[PDB]
Amino acid sequence: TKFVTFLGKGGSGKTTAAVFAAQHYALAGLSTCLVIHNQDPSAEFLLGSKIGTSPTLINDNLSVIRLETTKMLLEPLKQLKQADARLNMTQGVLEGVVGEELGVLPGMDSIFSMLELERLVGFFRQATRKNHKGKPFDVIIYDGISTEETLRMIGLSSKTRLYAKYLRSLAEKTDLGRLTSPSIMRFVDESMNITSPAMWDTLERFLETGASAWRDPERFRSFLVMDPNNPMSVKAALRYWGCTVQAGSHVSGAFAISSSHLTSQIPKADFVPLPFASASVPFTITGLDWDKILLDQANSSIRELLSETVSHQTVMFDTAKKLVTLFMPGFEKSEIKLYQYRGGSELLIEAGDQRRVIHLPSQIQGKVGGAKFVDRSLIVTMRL
Amino acid sequence: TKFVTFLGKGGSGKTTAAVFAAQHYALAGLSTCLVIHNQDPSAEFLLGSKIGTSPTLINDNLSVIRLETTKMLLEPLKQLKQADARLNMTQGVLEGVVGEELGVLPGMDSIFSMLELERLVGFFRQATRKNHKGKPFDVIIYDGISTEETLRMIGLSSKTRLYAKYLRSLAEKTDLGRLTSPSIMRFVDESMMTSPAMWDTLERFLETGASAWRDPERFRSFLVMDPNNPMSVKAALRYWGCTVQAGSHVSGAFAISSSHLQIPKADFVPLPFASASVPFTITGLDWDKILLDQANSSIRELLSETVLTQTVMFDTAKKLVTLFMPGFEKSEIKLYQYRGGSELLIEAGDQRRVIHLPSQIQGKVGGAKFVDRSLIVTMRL
Ligand SMILES: CCCCCCCCCCCCCC(=O)OC[C@H](COP(=O)([O-])O)OC(=O)CCCCCCCCCCCCC
Ligand SMILES: [Mg+2]
Ligand SMILES: [Mg+2]
């Protein structure tokens with residue numbers, strides 16, 4: 001199962017591009033799941049149908065679902081209630097929790113959205129959510145809360161390690177920790193399935209496996225989108241390009257989405273080397289004709305690109321000159337801050353409100369001497 | 001301190017409206033803070049200035065900050081390292097945590113955004129974050145992650161009280177709770193009484209902030225739409241309903257356009273409606289022209305007047321619960337009863353809202369009828 005998502009400013013065509021992509025992949029023979037996690041009614045208009053928590057099959061290959069956190073939070077509570085019935089740790093307090101009454105709090109949308117995607121795509125383990133034919137989906141297209149939140153998920157796998165290690169330290173090297181951690185570890189074990197020091201090691205390995213997949217381009221694919229007629233939309237795309245790099249990933253292409261009744265202009269100059277394409281999806285009052293849209297010659301390019309991408313570098317090291325070349329589109333030198341908290345072993349990059357640790361090879365290891373921003377790449381010279 | 005935010009679909013003029021409002025309030029003499037929590041460069045083009053974590057003063061009354069979770073997390077960690085040194089709860093382990101190395105994970109943007117806004121507005125407690133004159137801001141304008149996430153923030157105070165009840169139970173009615181809760185309640189204290197006092201005061205502090213988030217003199221939300229995009233207008237009606245479901249209210253609706261050229265004032269009755277014309281050119285924006293434009297007099301007046309509160313109505317005679325539910329269809333509104341006939345749970349817009357029914361109205365749902373945009377629920381005894 002592969003994962004596809006669209007990144008861009010509000011009004012840049014993300015939702016339009018997500019539905020277009022889902023229709024294209026389904027028409028092409030791929031079992032496709034379009035996942036919506038928001039309250040924007042645009043998708044329902046584009047699809048010509050109301051979508052809900054239960055899958056809606058547009059055709060035999062296009063399944064659409066709306067995630068609802070009110071419903072998603074119920075399953076974890078049910079599992080926790082099952083564990084407490086075996087361990088009686090809460091003296092029945094958990095059993096009295098009416099999950100059907102609980103409201104959605106800040107942060108819950110992002111966290112539960114991330115949990116459902118794991119079941120659908122299978123980043124950290126094999127996917128468990130199957131399509132209506134009992135098999136796993138071929139493509140998962142995700143139209144999420146926001147570009148910035150989607151980016152927290154893309155780069156999630158790499159950055160969990162340090163959190164888990166600090167948490168293990170607080171569990172195994174503190175009074176209250178050695179007191180609580182035992183039972184908590186026993187409860188999370190029961191709740192998940194149907195010794196403590198050892199439970200922490202397996203967890204760390206399970207985290208490492210998730211970074212191999214989320215990094216694997218044969219699992220995740222990101223596309224930039226922009227309204228070609230809005231200068232702010234184009235500029236935001238370039239910014240989100242660098243935010244994607246800073247998340248630890250890459251962009252697979254850039255699209256100019258025109259939902260108006262005009263031919264889609266292409267501002268292809270600023271986004272090379274990315275493959276560029278445009279799409280014309282007019283918002284007709286009588287309902288979209290997807291047969292016509294998908295067959296329009298103007299969309300032939302984007303359709304090919306989409307299929308070639310699912311069909312199948314940010315750092316370049318120079319061992320001789322002691323250099324780390326960091327591609328940083330959408331950023332200015334002033335916005336990129338370099339830190340070193342682990343000696344010459346690693347280099348931390350701070351930009352776009354995200355931190356990225358770049359472990360340095362033996363030859364490059366050292367302290368930062370200077371840096372220069374040429375074009376859109378920062379050349380960092382190391383000193384030994 | 002007052003709070004202002006704009007709700008609408010992507011590309012509907014939210015950020016444009018927020019910068020317009022910030023300029024208007026500062027010009028009216030109010031100490032204004034424009035808070036941006038996202039990586040969208042649009043605000044900088046609109047303001048004509050780079051924005052960062054440190055405040056940028058467009059004028060003596062207009063401060064602009066971009067929040068950054070990487071930085072927002074460091075200071076709270078510092079406060080937690082102090083309490084650990086005193087109470088010795090972690091035995092120096094917390095002191096070894098390198099906040100400056102940690103990456104932002106899913107959910108942290110929302111949590112830390114919510115914390116910073118509390119310091120700036122002071123809904124639960126008195127505002128802590130002061131302007132450059134050492135005084136609380138008069139107006140906080142928030143342009144956040146997304147409309148949906150901002151609605152989770154608007155509803156927090158009304159929906160935590162249930163979570164807090166269950167957490168107090170786990171702390172006072174379980175063996176692990178009775179053993180650890182006392183120590184944990186102390187550590188929280190210093191970081192910022194008796195444990196039962198703490199819980200009792202928390203529950204008061206929670207309802208104190210829910211009253212502030214319901215106060216029209218402290219919180220104002222506005223719908224924005226592009227009047228030439230039907231999806232933008234429909235989205236505004238939907239987020240109106242989501243605001244009601246969050247436990248709050250909308251104070252007005254704005255049609256933002258980049259030109260002076262079919263406003264849907266009638267579709268948003270009884271909200272005060274106004275249009276706004278914010279022309280822009282690549283060279284930048286002429287805010288003196290935009291703010292003196294007579295086409296923008298109405299939006300400026302509506303912003304200045306503010307600086308439906310009742311969405312649930314009870315009829316003790318006919319035994320009815322009338323729910324203002326704009327933007328929803330009868331099929332998108334679910335009504336559940338988990339406490340017998342004493343309560344009514346409304347599920348809509350991926351949010352739940354609990355209505356405690358007056359003793360007279362109490363009973364079981366026996367019919368619902370959508371009238372205009374109000375759901376009339378007949379309660380059967
Ligand atoms: C200001 C508002 C703050 C809100 C902060 C964000 C809260 C969201 C936390 C939700 C995480 C719940 C745990 C979870 O979903 O894991 C699911 C896990 C996987 O099961 P499976 O399907 O793979 O067999 O199966 C399980 O059931 C794991 C159960 C063990 C972990 C329980 C953690 C409970 C967290 C709830 C916290 C609520 C805070 C208000
Ligand atoms: Mg769109
Ligand atoms: Mg805008």
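Chain letters run A, B, ... following the sequence lines, proteins first, then strands; residues in each count from 1.
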> Testing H37(B), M153(B), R152(B) for side-chain contact (heavy atoms from CB on, under 4.5 Å) with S110(B), which one passes?
Replying inline: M153(B)

Within 6.0 angstrom of [X] [atom1], more than 12 heavy atoms from elsewhere:
X	atom1	answer
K333(A)	NZ	yes
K173(A)	NZ	no
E332(A)	CD	no
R204(B)	CZ	no
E75(B)	CD	no
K130(B)	NZ	yes

Do [X] and [Y] sit within salt-bridge range, that is, some charged N less than 4.0 Å from a carboxylate O?
X	Y	result
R66(B)	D40(B)	no
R125(B)	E118(B)	no
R239(A)	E44(B)	no
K2(B)	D215(B)	no

>> Taking side-chain hydrogen bond (donor to acceptor under 3.5 Å, both in side chains) as the cut-off, I'd like each qualifying pair that reaches into residues 94-105 of chain B, sequence neighbours left out, listed once.
In response: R342(A)-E101(B)

Please check if any side-chain donor atom of [X] sits under 3.5 Å from a side-chain acceptor atom of [Y], or the reverse.
X	Y	value
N61(B)	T32(B)	no
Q39(B)	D353(A)	no
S31(B)	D138(B)	no

>> Could you walk me through whether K71(A) and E116(A) satisfy the salt bridge (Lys or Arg N to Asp or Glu O under 4.0 Å) test, starting with their C-alpha distance in whole Å, then the side-chain angles of each, then the deciding distance to 0.1 Å, before giving a yes or no?
In response: CA-CA 11 Å; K71(A) 142 169 209 73; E116(A) 191 58 47; over 6 Å; no

>> Test of understanding: with side chain to side chain donor-acceptor pair (under 3.5 Å), list the residues that count as partners of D84(A), not counting sequence neighbours.
In response: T90(A)

> Given the rule in the salt bridge (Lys or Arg N to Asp or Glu O under 4.0 Å) test, do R168(A) and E204(A) qualify, once you have shown the distances and angles that lead to the verdict?
Replying inline: CA-CA 10 Å; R168(A) 159 153 208 188; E204(A) 273 128 29; 3.7 Å; yes

> salt bridge (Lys or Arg N to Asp or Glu O under 4.0 Å) between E190(A) and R86(A): does it pass, once the steps are laid out?
Replying inline: CA-CA 8 Å; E190(A) 284 279 83; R86(A) 299 124 83 191; 2.9 Å; yes

>> Rounded to the nearest 0.5 Å, what separates atom CD in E68(B) from atom CG in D109(B)?
In response: 10.5 Å

>> I'd like to know whether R129(B) forms a side-chain contact (heavy atoms from CB on, under 4.5 Å) with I140(B), so could you lay out the CA-CA distance, the side-chain angles of the two residues, the decisive distance to 0.1 Å, and finally the verdict.
In response: CA-CA 11 Å; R129(B) 206 69 76 177; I140(B) 307 295; over 6 Å; no

> Are side-chain heavy atoms of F124(A) and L156(A) found at a separation under 4.5 Å?
Replying inline: yes

> Got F219(B) and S248(B) here, is their nearest side-chain heavy-atom distance under 4.5 Å?
Replying inline: yes

